[PDB]
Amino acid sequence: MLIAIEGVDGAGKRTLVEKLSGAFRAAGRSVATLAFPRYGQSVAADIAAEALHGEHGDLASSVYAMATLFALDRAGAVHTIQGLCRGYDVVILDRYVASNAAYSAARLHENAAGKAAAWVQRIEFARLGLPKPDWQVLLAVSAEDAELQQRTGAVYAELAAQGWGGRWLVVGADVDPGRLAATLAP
């Protein structure tokens, strides 16, 4: 089973990942995890971060340019992902494709049924061959550029509402991880 944990920066996705990992292993399931973007590994990720800190001329000004860099990062990992899906019962990704749809649409003031969200699907899942997650779990919290983080949170909820790329669940900060693991388990 492939699971992506999503949400805005500061939402506390890592803690969820760890909580879920323990709940799955308590239920007798092997678990592997990966975090995106892969800063310090993917040159594409690293240029993208660097660009948001004012490096690389006008790169940050294009949403699609940033989106593309983050896609190329995930694509470089596509074989690792598929490998972990064969090697372990449950594979949990801290951020995945939906992050690109949410930050891009937010940025462009578009909704989940808009162009950017559909572009991300075409590029990442169809063209680049990233496998679609079985579940996407939106960690949606009150308090994690504030304008964009709030709007990205909203777009994310919209992705979950439309079933973008697959089934979702939306959860809060105090979700019970054992209950969540039983819900997600085949």
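Residues carry their position along the shown sequence, with the first being 1.
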Absent coordinates between residue 46 and residue 47 - deposited residues affected, binned into four classes: none
Segment of higher mean CA temperature factor, 46-54 or 151-159: 46-54
56-64 set against 134-142, stretch whose average Cα temperature factor tops the other in the entry: 56-64
CA B-factor placement of residue 100, once the chain's modelled residues are sorted into thirds: lowest
Ranked against its chain, the third holding the CA B-factor of residue 4: lowest
Within-chain third of residue 79 by Cα B-factor, per the entry: middle
Residue 32 - Cα temperature factor, lowest/middle/highest third of chain: middle
Within-chain third of residue 11 by Cα B-factor, per the entry: highest
